[PDB]
Each structure stands twice: as structure tokens, then as C-alpha cells.
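Student: Requesting a structural model of the entry that follows:
(4 chains)
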Amino acid sequence: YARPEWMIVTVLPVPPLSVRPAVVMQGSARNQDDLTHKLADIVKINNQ
Amino acid sequence: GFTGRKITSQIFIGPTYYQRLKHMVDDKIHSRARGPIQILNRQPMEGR
Amino acid sequence: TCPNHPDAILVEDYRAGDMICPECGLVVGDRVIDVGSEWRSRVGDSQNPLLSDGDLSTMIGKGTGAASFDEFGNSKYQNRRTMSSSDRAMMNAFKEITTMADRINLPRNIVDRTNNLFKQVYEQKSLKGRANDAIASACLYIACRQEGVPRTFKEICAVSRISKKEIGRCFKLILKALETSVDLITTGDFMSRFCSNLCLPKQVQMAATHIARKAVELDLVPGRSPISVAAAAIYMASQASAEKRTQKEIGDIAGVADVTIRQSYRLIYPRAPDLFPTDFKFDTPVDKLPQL
RNA sequence: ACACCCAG
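Tutor: Numbering: from 1, shown residues only, chains lettered A, B, ... in the order given. Structure data below:
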């Protein structure tokens, strides 16, 4: 159920859209969640 | 005022300065059968 | 969406929190879900819509403890930030336009129309070689004119680093490469600005805008720029009133040379009483005007 | 998010 090597994560699970939805706040402007901003930095560094 | 009888005690009565406060029952009354739900929690929203 | 009547549009009942069709009253779908924020924040600021859609990058804050600092007196994690060279150009131009507009105290709606004009031209990409400050300063000129309150080229050139010849060429090339038609200016549009800057009253303003409109309609001076007949209208309205203004102070606000304003005044003079309105309190007589 | 404020 829990191996020691499984705590050293090599793949990062991306949360679904139901966990980090984008809101509409006083007009047509999709404000992304903090996780979406943080997952953006994860992919950018991982691609780099 | 109802029966016209004298009240046995003697009421202390006189002019006193009173103020009406902004805390009004029509600004506070609130009810909800079923309404909008949150984007993230799918639970009822916060406040009237 | 309704089974029995799919054609009817669904009306929303936000108080009751459900989708109802207005013919048979059947509730279709599920409970409505608010797309707004649940609080009165876990979301960030939106991307600037006129700025091109780049990345959802974050920033790294200042260090808080000993684990945030390397042993040569510096932070281990640095705030490196990605941005396109195209977005750098748009940001540096938008930061120049707000600097340009607030020097002459333009409202924000002219700035937003300028940034709309700059983004539309920059993505269509016809102005390859001309400087970003020159094209931006020309877009500020057009957006001023498109709102019904145009400016002098010398007025815009006073703020920007860019010369009158260069912005003139940029103004010609933008209109040719955007297929945008803009109205021709008149003398009445340059009346409120040029009169309040010289500290002249409202009745003097009304006399100045009347003799300027009459001269254009009567067509007394072909081919003169509207600047030269506006400053001549100020010169008559100030010399024939209590608030006197010399040609130096009028020409300094107008950028018009103290030659050009005389050249304009030598032909608009001899029909002076026809131009003035019939209800003007003449503090100074018409025949007492100087023979300039 | 923050301020202000109601009740105990």
C-alpha cells in the first residue's frame, strides 16, 4: 500500500478541473485558480 | 388601555431621548429553500 | 433541452436555483452553479486582455529564514520570469502610452482606445521598421481624434521624443494599413482647450468659436490650417475684450509662429463686425482694433 | 483579501 520509493514522487498527479475551477468575476475574464498558476510553473520548469 | 381599570402600581413615565438604529429587520430577514451553489464546493453560497 | 418543447429558450431562476422552461414548467438539467467567486481570494488577477496571451507564471517572494539563503549571502531561489519579446514590446509601449497620455492629462478611455489601436496594428504587423514609440505616439493621435477631440501634432510632439515629421509619416502609414476612415477636423473642436489655457472667460470663448465658425462657413481664407484661424479667433476675442492677450502667449500655446498669426490676421481683419455675434458685449470697439 | 459592524 505504501512503498518507500513511492514517497519519492517521480510523476506529479495533476488535479482535475473540479478541484481547481476557473471563476468568472465581473465580465468575461477567466480567473484561473492558484493551482492552475502553480501547475503552469511546474510544466514550464519541467519542460525547461 | 384595554379594560379601563387603574393600574395598581404607579408607572414612571416621562420624555426620554430614543434613537433608531440602522439594524433593521427587513435588512436582516433571510430564507432559502434551494438556490445557487458554489463553483468549487457545490454547497449553498454565503449570505443573503 | 426540454423534452416536450426543445425549441423554447430556457429562463433562469437564480432565486430558486434551477433551470425552468417557460411553456410546461418542467425543470430541466440540474441545480444552477454560480460561476462567480464563493467568498466576499484563491484566484489570481486576470491576464490583461489587450496584452497577448502568454503564460500563467507566478513569482517568488522574499526569503524568510536561513534555509532560503545560500552561504554567499544570497537567496537560493531567484524570481526568474518568462515573457515573450513581443509581450515585452507591448508592455513597454503601453507603459509609454500611459506616460504619454498623462502628461497632457488625457482620460483613461483615450488610453484604452490607443491601446486597442496599437494592439490591432501590431498583430496585423504592417509597420515593421518604424520605432515602437513613433507608432504608439501616432496611435495616441488617432484615438484622440476618433473621440471627437483631436490634438495638434505639435501638442503630441511636445510630449513624445518623436519629431513631427516622423509621427506624420506614421499617421499616414497607419491609416493606409488599417483601412480606417477618420473624420476631418474643424476649428470648433480646438476652441475649449485653446481658450481655457489662456485664462479667458466663457463669453470670450463663445465669441471666439462664433467668429471661427463663421470664417470657415463663409470661406474667407482657403488653405490655411485650422490652427491659424483658431488662434486668430482667440486674438480677436481677446483684443476686443478686457482680458488682453499678446501674440506671443497665444502663439506659444498654439505652436503657431508669431509670423503665421499675423499672416492669418492680415486677411481676417477687414470683415470683423460681420463675424462677431449680434449679442456680444463689446468692451472694445471694432474700429479701435490695432491695424495688424 | 481587508476594513467596519451585529449577537453572546
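
Student: Verify the stated contact: residue C:213 with residue C:190.
Tutor: No. With contact defined as Cβ atoms under 8 Å, residue C:213 does not reach residue C:190; the gap is 11.7 Å. In this view, the C-beta of every residue, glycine as well, is placed from N, C-alpha and C.

Student: who has more neighbours, these two?
Tutor: residue C:190 (25 against 17; other Cβ atoms under 10 Å in any protein chain shown).

Student: I figured the more buried one hits residue C:230, correct?
Tutor: Yes. In terms of Cβ under 8 Å, residue C:190 counts as a neighbour of residue C:230; the distance is 4.8 Å.

Student: Within the helices and strands, which one has the residue nearest to the spatial centre of chain C?
Tutor: Nearest residue to the geometric centre of chain C (Cα atoms, centre = their mean): residue C:110, 2.8 Å. Per DSSP states H and E: residue C:110 is located in helix C:108-124.

Student: quick one: contacts of that helix?
Tutor: Helix C:108-124 has contacts (Cβ atoms under 8 Å, 6 or more residues apart in numbering or on different chains) with C:50, C:52, C:89-90, C:93-94, C:97-98, C:101, C:127, C:135-136, C:139-140, C:142-144, C:146-147, C:174, C:177-178.

Student: likewise stretch C:137-156?
Tutor: Residues outside stretch C:137-156 that contact it (Cβ under 8 Å, 6+ apart): C:97, C:100-101, C:104, C:106, C:109-110, C:113-114, C:116-118, C:121, C:159-160, C:162, C:164, C:167-168, C:170-171, C:174-175, C:180, C:182-183, C:185, C:189-190, C:193, C:227, C:254-255.

Student: now the helices for the chain?
Tutor: As the question left the chain open, I've gone with chain A. A:4-7, A:34-47 (DSSP state H).

Student: right idea, wrong chain: chain B
Tutor: Taking DSSP H to define them, one finds helices in chain B at B:25-28.

Student: May I ask which helix or strand encompasses the closest residue to the residue nearest to the centre of chain C other than its chain neighbours?
Tutor: Spatial nearest neighbour of residue C:110, chain neighbours left out: residue C:143 (5.4 Å); criterion: Cβ to Cβ, 6 or more residues apart in numbering or on different chains. In the assignment (DSSP H and E), residue C:143 maps to helix C:132-146.

Student: May I see the buried residues of that helix?
Tutor: C:133-146 (16 or more other Cβ atoms under 10 Å in any protein chain shown).
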